[PDB]
Amino acid sequence: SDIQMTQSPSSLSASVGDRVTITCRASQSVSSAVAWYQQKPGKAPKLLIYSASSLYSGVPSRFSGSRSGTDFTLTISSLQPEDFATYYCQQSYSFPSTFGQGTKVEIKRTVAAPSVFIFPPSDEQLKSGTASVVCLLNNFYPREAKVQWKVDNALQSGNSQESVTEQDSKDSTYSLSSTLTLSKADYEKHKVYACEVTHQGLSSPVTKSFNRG
Amino acid sequence: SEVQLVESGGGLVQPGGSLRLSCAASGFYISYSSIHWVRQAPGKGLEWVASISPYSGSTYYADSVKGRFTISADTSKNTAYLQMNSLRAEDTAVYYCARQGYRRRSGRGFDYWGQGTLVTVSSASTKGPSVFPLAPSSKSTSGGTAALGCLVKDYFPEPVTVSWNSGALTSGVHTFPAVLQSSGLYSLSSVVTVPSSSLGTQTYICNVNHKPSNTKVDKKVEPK
RNA sequence: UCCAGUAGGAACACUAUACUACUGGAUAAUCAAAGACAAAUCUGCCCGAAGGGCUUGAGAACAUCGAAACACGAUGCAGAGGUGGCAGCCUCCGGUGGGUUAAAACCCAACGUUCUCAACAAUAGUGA
Ligand SMILES: [Cl-]
Ligand SMILES: [Mg+2]
Ligand SMILES: [Mg+2]
Ligand SMILES: [Mg+2]
Ligand SMILES: [Mg+2]
Ligand SMILES: [Mg+2]
Ligand SMILES: [Mg+2]
Ligand SMILES: [Mg+2]
Ligand SMILES: [Mg+2]
Ligand SMILES: [Mg+2]
Ligand SMILES: [Mg+2]
Ligand SMILES: [Mg+2]
Ligand SMILES: [Mg+2]
Ligand SMILES: [Mg+2]
Ligand SMILES: [Mg+2]
Ligand SMILES: [Mg+2]
Ligand SMILES: [Mg+2]
Ligand SMILES: [Mg+2]
């Protein structure tokens, strides 16, 4: 029915100077009705390429687009500091229109394992009625990481969320927080709380944990 | 240049409720372009939602929004509107209007975009945040360094600002993006790392602002 | 209407004449620009008694353009050879993107109106 645009990769890290390539595959012929856009956190997207390979006026010539069949790729001869951003392919051959998932171009840097800290719920928050357990992965790279919660060695599931910082303008690292949420009842029952971190930086999963009281 | 798009009409609305965005267009005759609305949910990709065609005034919508929304344009006012009915939290997002370039100049590319309006679709009420300390235990410590910070839970709407010691402490401070809980309210925590030695001598206090509720808290984080 | 340059001139080729198109001009019709059927006769299946369209004209789709994805209007101006049809492959031409650059010289890539109908495919000369 509706045409699909499969962009890839979802993320991608490069250094200044690098020649970067983003690809987007249409689920069926789109002729050349494809455009590319740049977007930066909390700001309107900007047109780069139109009609598949035409460079939009005003845009730097290092940017380009090409079409092989139903595959469309956007290139950057020589990555510049302003280019770290996210990019989207879009098809306008048929309605409804569709954008690719997006490709985040990030800054490359040497691997860094996360430090791992764990915070138990405060007595205050306990008096309140709910309990939050916080697990902090700090200053690490690359981004792909994996936090699992286990209480009394049971694998927690769908009862915790996490959030991630932007690359640090300082050391280009990420910091990530995972929060586990229990009812004061659930919490008061079990004794040992732990998160297991799996990161490329660690030669084996790290387990940071504590016991109520 | 002189071409410009400025949307408005976004705000807070209960689910099932209704809201109408407008896109005031200056710098060109709206009636010779094709206008589109495109939305971006918090931490998601761009999603094309609807469009209007010059001359014919044909209309086009996306499956996910077909039937509940209607796009249109007032030549007189050189403006485009999006009527949004039967809103659902699912619909929360930033809404941009964008115009299609001239065939000759930019093919079918969207050459000009609005700054975007924010449409928040919640049935929760404005609440100041609770602020709990994340005490620097022996299980939040590595090397000569120990992490600490305060949890900012259950508040609405965004945003919330956080600082440490009035703002004299900024080195190694990470404040995480808010996270929409299933309770319906928000949550986030700010953390910082510091020399283990200083823990006994130095004070740490996280200043928490929340304009939407004229709330202002300052919890002192401290080893339990 | 005419002149010139060029490309065509349409059942196998070639030339001349008619006739066609683009470009510039006006009987002193300039100087120009432009100029794709070069090479090669490929692969698989199906059909005919015999396979070979740089021709027009009309209807559909589709495309380009008109501030224009549909609707409305105008235009079909670039695709070519490999002999009918379908599919594939090689080459040429074209603009486009990339590479290498003094340079589209050369390299890479995808991409380029089809179908249906009717009429016309000449007169002549020379030849497979
Ligand atoms: Cl286009
Ligand atoms: Mg339970
Ligand atoms: Mg003549
Ligand atoms: Mg001839
Ligand atoms: Mg003339
Ligand atoms: Mg030949
Ligand atoms: Mg036979
Ligand atoms: Mg022939
Ligand atoms: Mg059409
Ligand atoms: Mg007009
Ligand atoms: Mg051919
Ligand atoms: Mg043939
Ligand atoms: Mg054959
Ligand atoms: Mg064929
Ligand atoms: Mg070529
Ligand atoms: Mg080039
Ligand atoms: Mg071809
Ligand atoms: Mg054509």
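Structural notes, computed from the coordinates.

1. Overview of unusual backbone geometry
Cis geometry marks the peptide bond from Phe-95 of chain A to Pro-96 of chain A; its omega dihedral reads 0°. Summarising the element assignment, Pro-96 of chain A is placed in the loop between β9 (86-91) and β10 (98-99). For the bond running from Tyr-141 of chain A to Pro-142 of chain A, omega is 5°, close enough to zero to count as cis. Of note in the backbone geometry, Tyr-55 of chain B takes a positive phi value of approximately 65° without being a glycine. When you line up the elements, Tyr-55 of chain B lands in the loop between β4 (46-52) and β5 (59-61). Using a relative accessible area of 71% as the deciding quantity, one classes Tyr-55 of chain B as exposed. One non-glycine residue, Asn-214 of chain B, lies in the positive phi region at around 45°. By secondary structure assignment, the location of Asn-214 of chain B is in the loop between β17 (204-210) and β18 (215-221).

2. What to know about the protein's contact with RNA strand C
What surrounds RNA strand C is a group of 29 residues, the closest being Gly-65 of chain A together with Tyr-32, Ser-56, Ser-58 and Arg-108 of chain B. Atoms of RNA strand C within 4 Å of the protein belong to the sugar or the phosphate in 55% of instances, the rest to bases. In the environment of RNA strand C, a base nitrogen lies 2.7 Å from a nitrogen or oxygen atom belonging to the side chain of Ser-56 of chain B. At 2.8 Å from a sugar or linking oxygen of RNA strand C is found a side-chain nitrogen or oxygen belonging to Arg-108 of chain B. Contributions of two or more residues to the surface near RNA strand C are made by β7 (63-68) of chain A together with α1 (103-106) of chain B. Element by element, the count of residues in the surface near RNA strand C is highest for β7 of chain A, at 5 residues. For the surface near RNA strand C, a count of residues per class yields 8 nonpolar, 16 polar and 5 charged.

3. Considerations on the state of the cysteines
Residues and elements named next belong to chain B. Across all of its chains, the model carries 4 disulfides over all chains by this definition. The disulfide that involves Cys-23 links it to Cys-97, with 2.1 Å between the sulfurs. The sign of the S-S torsion, about 70°, decides the handedness of the disulfide formed by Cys-23 and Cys-97: right-handed. Highlighted residues: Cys-23 in strand β2 (residues 18-26) and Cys-97 in strand β8 (residues 93-100), separated in sequence by 74 residues. A sulfur-sulfur separation of 2.0 Å characterises the disulfide bridge that pairs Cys-150 with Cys-206. On the criterion of sequence distance, the pair formed by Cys-150 in strand β13 (residues 145-155) and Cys-206 in strand β17 is long-range, its members being 56 residues apart. Assessed through its relative accessible area of 0%, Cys-206 is described here as buried. Bonded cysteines in chain B are paired 1-2, 3-4 when counted in the order they occur along the chain.

4. Side note on the interface of chain A and chain B
Opposite the 47 residues of chain A that make contact, chain B presents 47 residues. At the boundary of chain A with chain B, total buried surface from both sides reaches about 3,700 Å², with 63% on carbon and sulfur atoms. Of all residues in chain A, the largest losses of buried area upon contact with chain B belong to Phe-95, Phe-99 and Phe-119 of chain A, amounting jointly to 15% of the total for that side. The interface formed by chain A and chain B includes 0 salt bridges.

5. A closer look at the environment of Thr-110 of chain A
Residues and elements named next belong to chain A. Following the sequence through the fold, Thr-110 ends up in the loop between β11 (103-107) and β12 (115-119). On the basis of relative accessibility, which here comes to 61%, the residue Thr-110 falls in the exposed class. A sequence separation of 63 residues divides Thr-110 from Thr-173, and the C-alpha atoms of the two residues are 9.6 Å apart.

6. What to know about the sheet that holds β17 of chain B
Residue and element names in this part refer to chain B. Strand order in this open sheet of 3 strands is β14-β17-β18, and the pairing throughout is antiparallel. What marks the edges here is a single partner per strand, and that holds for β14 (161-164) and β18. Taking each pair of neighbouring strands and ignoring which way they run, the sheet shows an average axis angle of 20°. Here 4 bridges tie β14 to β17, and the two strands are oriented antiparallel to one another. Bridging across to β17, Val-162 finds its partner in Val-208.

Calculation criteria
Residues numbered from 1 in each chain as written, not as in the entry; some residues may be left out. Chains lettered and ligands numbered in written order. Heavy atoms only, no water. Helix = DSSP H or I, 4+ residues; strand = E, 2+ residues; numbered from the N terminus. Buried < 20%, exposed > 50% of the residue type's maximum accessible area, 1.4 Å probe, protein only. Near = heavy atom within 4 Å. Polar contact = N/O pair within 3.5 Å; in protein donor to acceptor, adjacent residues only side chain to side chain. Nonpolar A, V, L, I, M, F, W, Y, C, P; charged D, E, K, R; others polar. Disulfide = S-S within 2.5 Å. Contact = heavy atoms within 4.5 Å. Buried area = accessible area lost by both parts, 1.4 Å probe. Salt bridge = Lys/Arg side-chain N within 4 Å of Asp/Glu carboxyl O. Pairing = 2+ DSSP bridges. Axes fitted to C-alpha atoms, helices over the stretch in contact; angles between N-to-C directions.

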